[PDB]
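Novice: If you count by UniProt numbering, then the sequence shown holds residues 68 to 791, one letter each, in order.
The C-beta atom is built at its ideal place from N, Cα and C for all residues, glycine as well.
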Amino acid sequence: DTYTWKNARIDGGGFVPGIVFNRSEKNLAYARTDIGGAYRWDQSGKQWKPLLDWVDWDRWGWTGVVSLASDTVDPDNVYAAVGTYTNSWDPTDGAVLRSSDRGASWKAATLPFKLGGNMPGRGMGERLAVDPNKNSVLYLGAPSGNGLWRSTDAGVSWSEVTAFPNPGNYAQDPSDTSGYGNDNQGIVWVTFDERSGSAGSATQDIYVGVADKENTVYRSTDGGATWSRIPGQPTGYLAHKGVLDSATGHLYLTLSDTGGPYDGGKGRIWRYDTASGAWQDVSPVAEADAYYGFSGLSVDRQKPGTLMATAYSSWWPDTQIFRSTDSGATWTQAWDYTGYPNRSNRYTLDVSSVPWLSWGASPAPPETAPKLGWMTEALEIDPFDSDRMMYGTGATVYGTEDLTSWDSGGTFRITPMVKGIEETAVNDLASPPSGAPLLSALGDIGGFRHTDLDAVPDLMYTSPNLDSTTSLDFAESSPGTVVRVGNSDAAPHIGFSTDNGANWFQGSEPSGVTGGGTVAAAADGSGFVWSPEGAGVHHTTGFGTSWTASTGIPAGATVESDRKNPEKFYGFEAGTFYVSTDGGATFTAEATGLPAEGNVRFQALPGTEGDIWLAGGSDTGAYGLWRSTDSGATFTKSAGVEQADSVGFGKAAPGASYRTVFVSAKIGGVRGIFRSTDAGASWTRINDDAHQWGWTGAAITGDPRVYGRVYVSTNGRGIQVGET
Ligand SMILES: [Ca+2]
Ligand SMILES: [Ca+2]
Numbered sequence: 068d069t070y071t072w073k074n075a076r077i078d079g080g081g082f083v084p085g086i087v088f089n090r091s092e093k094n095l096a097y098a099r100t101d102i103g104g105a106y107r108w109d110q111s112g113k114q115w116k117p118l119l120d121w122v123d124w125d126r127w128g129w130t131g132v133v134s135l136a137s138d139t140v141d142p143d144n145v146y147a148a149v150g151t152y153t154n155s156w157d158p159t160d161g162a163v164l165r166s167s168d169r170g171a172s173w174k175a176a177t178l179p180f181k182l183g184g185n186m187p188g189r190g191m192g193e194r195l196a197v198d199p200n201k202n203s204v205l206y207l208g209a210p211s212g213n214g215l216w217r218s219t220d221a222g223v224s225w226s227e228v229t230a231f232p233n234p235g236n237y238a239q240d241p242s243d244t245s246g247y248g249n250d251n252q253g254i255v256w257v258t259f260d261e262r263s264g265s266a267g268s269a270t271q272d273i274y275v276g277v278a279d280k281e282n283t284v285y286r287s288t289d290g291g292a293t294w295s296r297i298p299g300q301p302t303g304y305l306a307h308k309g310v311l312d313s314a315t316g317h318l319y320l321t322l323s324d325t326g327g328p329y330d331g332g333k334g335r336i337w338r339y340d341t342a343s344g345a346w347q348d349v350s351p352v353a354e355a356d357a358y359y360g361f362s363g364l365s366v367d368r369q370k371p372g373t374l375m376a377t378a379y380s381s382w383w384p385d386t387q388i389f390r391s392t393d394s395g396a397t398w399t400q401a402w403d404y405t406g407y408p409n410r411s412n413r414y415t416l417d418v419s420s421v422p423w424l425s426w427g428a429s430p431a432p433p434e435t436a437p438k439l440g441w442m443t444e445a446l447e448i449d450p451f452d453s454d455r456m457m458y459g460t461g462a463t464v465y466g467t468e469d470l471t472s473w474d475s476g477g478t479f480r481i482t483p484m485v486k487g488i489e490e491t492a493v494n495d496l497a498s499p500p501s502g503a504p505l506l507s508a509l510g511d512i513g514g515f516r517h518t519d520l521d522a523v524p525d526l527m528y529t530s531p532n533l534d535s536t537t538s539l540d541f542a543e544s545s546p547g548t549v550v551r552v553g554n555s556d557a558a559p560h561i562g563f564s565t566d567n568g569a570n571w572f573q574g575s576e577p578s579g580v581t582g583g584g585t586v587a588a589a590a591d592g593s594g595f596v597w598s599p600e601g602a603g604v605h606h607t608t609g610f611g612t613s614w615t616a617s618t619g620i621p622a623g624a625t626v627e628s629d630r631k632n633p634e635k636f637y638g639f640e641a642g643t644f645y646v647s648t649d650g651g652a653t654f655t656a657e658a659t660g661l662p663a664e665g666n667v668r669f670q671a672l673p674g675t676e677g678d679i680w681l682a683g684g685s686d687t688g689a690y691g692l693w694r695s696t697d698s699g700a701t702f703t704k705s706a707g708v709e710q711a712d713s714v715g716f717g718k719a720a721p722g723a724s725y726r727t728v729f730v731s732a733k734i735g736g737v738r739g740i741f742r743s744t745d746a747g748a749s750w751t752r753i754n755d756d757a758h759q760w761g762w763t764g765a766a767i768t769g770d771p772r773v774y775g776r777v778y779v780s781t782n783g784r785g786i787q788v789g790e791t
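#1: Helix, strand or coil: how does DSSP classify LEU533 here?
#2: Output yes or no for whether 8 Å exceeds the beta carbon distance between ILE679 and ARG694.
#3: Would the beta-carbon of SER242 be found less than 7 Å away from any heavy atom of ligand 1?
#4: Please determine, among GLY594, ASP511, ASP78 and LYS73, the residue with the shortest C-alpha to C-alpha distance to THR607.
#5: Can you tell me which of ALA353, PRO328, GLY553 and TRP762 puts its alpha carbon nearest to the alpha carbon of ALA445?
#6: Does DSSP put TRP597 in a helix, in a strand, or in coil?
#7: Any heavy atom of ligand 2 within a distance shorter than 7 Å of the CB on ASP495?
#8: Take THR397 and list the residues in its own chain whose beta-carbon comes closer than 8 Å to its own, dropping the five residues that flank it on each side.
#9: Please state whether DSSP places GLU261 in a helix, a strand or coil.
#10: Please report the distance separating the alpha-carbon of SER155 from that of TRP124.
#11: Using three-state DSSP, classify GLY104 as helix, strand or coil.
#12: Go through the stretch 659–689 residue by residue and report every complete run of the beta strand (DSSP E) that reaches 3 residues or more, in order.
#13: At what residues does the alpha helix (DSSP H) containing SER475 begin and finish?
#14: Measuring only the C-alpha atoms, how far is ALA492 from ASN782?
#15: The beta strand (DSSP E) with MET457 in it runs from where to where?
#16: Out of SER411, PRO433, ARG368 and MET375, point me to the one whose CA is closest to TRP382's CA.
#17: Determine the burial state of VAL737: buried for a count of at least 16 other Cβ atoms within 10 Å of its Cβ, exposed for fewer.
#18: For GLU447, report the span of its beta strand (DSSP E) as first-last.
#19: Fully enclosed by the stretch 91–173, which beta strand (DSSP E) runs are 3 residues long or longer?
#20: Taking just the CA atoms, how far does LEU526 sit from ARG630?
#21: To the nearest whole angstrom, what separates the beta carbons of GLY131 and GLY184, a pair I think is in contact under 8 Å?
#22: Classify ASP393 as buried or exposed, calling it buried when 16 or more other Cβ atoms lie within 10 Å of its own Cβ.
#23: What are the boundary residues of the beta strand (DSSP E) that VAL552 is part of?
#24: Would you check if the distance between the CB atom of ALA700 and the CB atom of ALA757 is smaller than 8 Å?
#25: For the beta strand (DSSP E) containing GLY623, name the first residue and the last one.
#26: Ordered along the chain, which non-local residues of its own chain (more than five positions away) have a Cβ less than 8 Å from that of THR270?
#27: Where does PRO328 sit, in a helix, a strand or coil, going by DSSP?
#28: Taking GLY665 as the reference, give the member of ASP157, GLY764, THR386 and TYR359 with the closest Cα.
#29: List the endpoints of the continuous beta strand (DSSP E) containing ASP340.
#30: Would you list, in sequence order, the uninterrupted alpha helix (DSSP H) runs of no fewer than 4 residues that lie entirely inside the stretch 189–275?
#31: What's the C-alpha gap between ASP452 and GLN369?
#32: Does the beta-carbon of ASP250 have 16 or more other beta-carbons within 10 angstroms, so that it is buried, or is it exposed?
#33: May I have the straight-line CA-CA distance separating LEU322 from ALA306, to the nearest angstrom?
#34: Between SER535 and ligand 2, is the CB less than 7 Å from at least one heavy atom?
#35: Mind checking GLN710: buried by the 16 CB within 10 Å criterion, or exposed?
What follows is the structure in structure tokens.
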């Protein structure tokens, strides 16, 4: 057919570091994510629409969005600063993407440096800003010593503001040699005082946040020609945000002892009088009582003197949200102790639309399930409705529509406002021939038995509730039997089910397991092979009540089961394929000369013993698609596929003699998702240029019950379901 694409519905699942309301047009808003692109708000549907699904495999780094700006002068314009890592993990430089149709189409201005959409400090901002009087002028705060950058042609071209005196010097984790935690977080927000410009004339007063505990805020009063450190400013902290109440003339800084978004153990809120230069400590709590940093800063644009902030890094018992209606002289908070451990809330929290946010937890007071939140760097009051606010957490977007009930001494209602955001990273996917259509393995929220692809599942896997599921499998001939492995701070790292994943019980494990690795289920459900991180390959008869070390197979090998012969298991490591014919007790080395470097994914064919498809490799070594029909003794490399990364199967086409094969691959010079109904003799692309989703290499499977349907992994855009 032509294909249509949709998410298997989950609602959220990831960190939303920034939410942006346009300051001139009611109900125009956007959200940015750290690995999953950017979204525009749909008021009529109370949902979000993805804007960057066109970002392709070779430019996957552009799915990280470190900043977004919505033009107040011309609300049709929106800009996004993109790029994911500044170390070797992201091979492409950053860019500023520009749109003049609210994100429907984009052009890219590539920068000569990398950006950090998924790096420490990504919750600070916004560091991309448009001049609110002369909207051809934009600024971008840059990391890694690149300083402050500027465009004077509406984002088409960029150069460094060499007069800016401080490129930053703060790093989260200086001992890190990987480049992930030791980067200079640089310039972290830019805020204009729109009172200091006029239509078509550059705004003269510009405020800039810098990741430097001794010099965290600078300003210009001559339109960015010269810059100076603001005298009298607080020291010892990083300003996560700088927001100006133009009605009272006060600039507010929410400060933290770290760059966030995960850490922060101390904080203040300080206030600067832009007319007199006075500084005042307006913190909601005393320095000695702040065990967290502040962020989540927002001013009510319709109510001068009203503002809010968050304890963004308060992990226990909950996050905290503060509100002042007198410019920070006095505050109240969303919840209080009323004689510890008892607590009183100014809100009710209702997650019936996203029930898994309970986390399956049953905490004692003062902790609640669900929680008010965590990692709350983003909090925004609707500039056109004092009764609405939205805030981001590490798993969702929450909001309320009766916020001013707070001031009345009443109770306001908080619900998810996240529908449409699909932000999970997918590790594995399985579609069994009976039971639910899909079992997913996900980062951060474990994964789900999806009984309905169009409905939010009630709860993630529990007993155990793993942070991330790295691998799952089902018994081909007995799909009631399922196994999953994954990551957690504590053992157990493995769970079993005999009711198709609806309910679970833990397995035991060998000592030294540090992560899930991969797991495989015997075709008859009688036993399992587990290749964990931190320990070697083990096998078990029964539901992992004890494990025995497998011989003849390298630690860390990728393991799979035959789908027909319950005694036959497979392994792959460093270019060598391994086979076991005794339930995983002993392996022998078989085919060699497979990719020695790079990711590999492989799966055996439902219905046929010893028919194996194997995809993988890398840009700098062997790369392609291989097939064996002799249980891995020999493989043939497909002449039709230049590169391939994931491979999986679904129901045969009408009249076809072989199951349908799906791959994420590069075929005939084109990266995409492809389908074959003639056992790989020919291929058809089934996605398109608008539906690419960056790195789709983790997993793919068809559906044994539905011809043409495919489930595709993404790294930040959830589970993509393609249907003809
Ligand atoms: Ca360290
Ligand atoms: Ca699997």
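Specialist: This is what the structure holds:
#1: What you label residue 533 is simply residue 466 of the sequence shown in a count that begins at 1. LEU533 falls in the coil class under three-state DSSP.
#2: What you label residue 679 is simply residue 612 of the sequence shown in a count that begins at 1. What you label residue 694 is simply residue 627 of the sequence shown in a count that begins at 1. Cβ distance < 8 Å, so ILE679 and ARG694 count as in contact.
#3: In the sequence shown, counting from the first residue as 1, residue 242 sits at position 175. Within the cutoff, so yes.
#4: In the sequence shown, counting from the first residue as 1, residue 607 sits at position 540. Checking every option, the nearest Cα to that of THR607 belongs to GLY594.
#5: Working through the sequence shown from its first residue, we reach residue 445 at position 378. For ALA445, the nearest C-alpha among the options comes from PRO328.
#6: If you number the sequence shown from 1, residue 597 lands on position 530. Residue state, collapsed to three classes: strand.
#7: The residue you call residue 495 lines up with position 428 of the sequence shown. With a threshold of 7 Å, the Cβ atom of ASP495 counts as near ligand 2, since some heavy atom of the ligand is closer than that.
#8: The count along the sequence shown starts at 1 and reaches residue 397 at position 330. Excluding positions up to five away in sequence, the list reads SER391.
#9: As a first step, residue 261 is located in the sequence shown; it is residue number 194 there, counting from the start. Three-state DSSP puts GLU261 in a helix.
#10: Here residue 155 corresponds to residue number 88 of the sequence shown, with the count starting at 1. Here residue 124 corresponds to residue number 57 of the sequence shown, with the count starting at 1. Each residue's alpha carbon lies about 17 Å from the other.
#11: Along the sequence shown, read from residue 1 onward, the residue named residue 104 stands at position 37. It is coil, neither helix nor strand.
#12: Here the runs fully enclosed are 667–671 and 679–684.
#13: As a position in the sequence shown, residue 475 is number 408, starting the count at 1. First-last of the alpha helix (DSSP H) with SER475: 472–475.
#14: Position 425 of the sequence shown, counted from the start, is the residue given in the question as residue 492. Position 715 of the sequence shown, counted from the start, is the residue given in the question as residue 782. If I take the Cα positions, the gap works out to 4 Å.
#15: As a working note, residue 457 is residue 390 in the sequence shown. 456–459 is the extent of the beta strand (DSSP E) around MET457.
#16: Working through the sequence shown from its first residue, we reach residue 382 at position 315. Comparing alpha-carbon positions, the option among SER411, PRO433, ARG368 and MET375 lying closest to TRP382 turns out to be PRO433.
#17: As a first step, residue 737 must be located in the sequence shown, where it is residue number 670. Classification for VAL737: exposed.
#18: In the sequence shown, the residue the question calls residue 447 occupies position 380. Segment 446–448, the beta strand (DSSP E) holding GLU447.
#19: 96–99, 105–109, 114–117, 132–137, 145–149 and 162–166
#20: Looking up residue 630 in the sequence shown gives position 563. Looking up residue 526 in the sequence shown gives position 459. A direct Cα-Cα distance of roughly 29 Å separates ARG630 from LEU526.
#21: Against the sequence shown, residue 131 aligns to sequence position 64. Against the sequence shown, residue 184 aligns to sequence position 117. About 2 Å; that satisfies the 8 Å criterion.
#22: On the sequence shown, position 326 is the one that residue 393 refers to. Exposed, since its Cβ has fewer than 16 Cβ neighbours within 10 Å.
#23: Position 485 of the sequence shown, counted from the start, is the residue given in the question as residue 552. Start and end: 545–554.
#24: By 1-based counting over the sequence shown, the position of residue 700 is 633. By 1-based counting over the sequence shown, the position of residue 757 is 690. In this structure, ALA757 does not lie closer than 8 Å to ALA700 by Cβ.
#25: Sequence index remark: in the sequence shown, residue 623 carries index 556 (1-based). Premise fails: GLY623 is in no beta strand (DSSP E) and is neither H nor E.
#26: Taking the first residue of the sequence shown as position 1, residue 270 is located at position 203. Closer than 8 Å at Cβ, skipping near neighbours: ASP198, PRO199, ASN200, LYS201, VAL204, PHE259, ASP260, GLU261, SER263, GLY264 and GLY290.
#27: The sequence position of residue 328 within the sequence shown is 261, counting from 1. Of the three classes helix, strand and coil, the one that applies to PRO328 here is coil, per DSSP.
#28: Taking the first residue of the sequence shown as position 1, residue 665 is located at position 598. Answer by Cα proximity: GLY764.
#29: Here residue 340 is taken as the residue at index 273 of the sequence shown, counted from 1. First-last of the beta strand (DSSP E) with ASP340: 334–340.
#30: none
#31: Position 385 of the sequence shown, counting from 1, holds the residue named residue 452. Position 302 of the sequence shown, counting from 1, holds the residue named residue 369. So the alpha carbons of these two residues sit roughly 8 Å apart.
#32: What you label residue 250 is simply residue 183 of the sequence shown in a count that begins at 1. Buried: at least 16 other Cβ atoms inside 10 Å.
#33: Counting from one through the sequence shown, the residue named residue 322 turns up at place 255. Counting from one through the sequence shown, the residue named residue 306 turns up at place 239. Roughly 4 Å between the two C-alpha positions.
#34: Indexing the sequence shown from 1 puts residue 535 at position 468. No, Cβ of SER535 sits at least 7 Å from all heavy atoms of ligand 2.
#35: Here residue 710 corresponds to residue number 643 of the sequence shown, with the count starting at 1. Buried.
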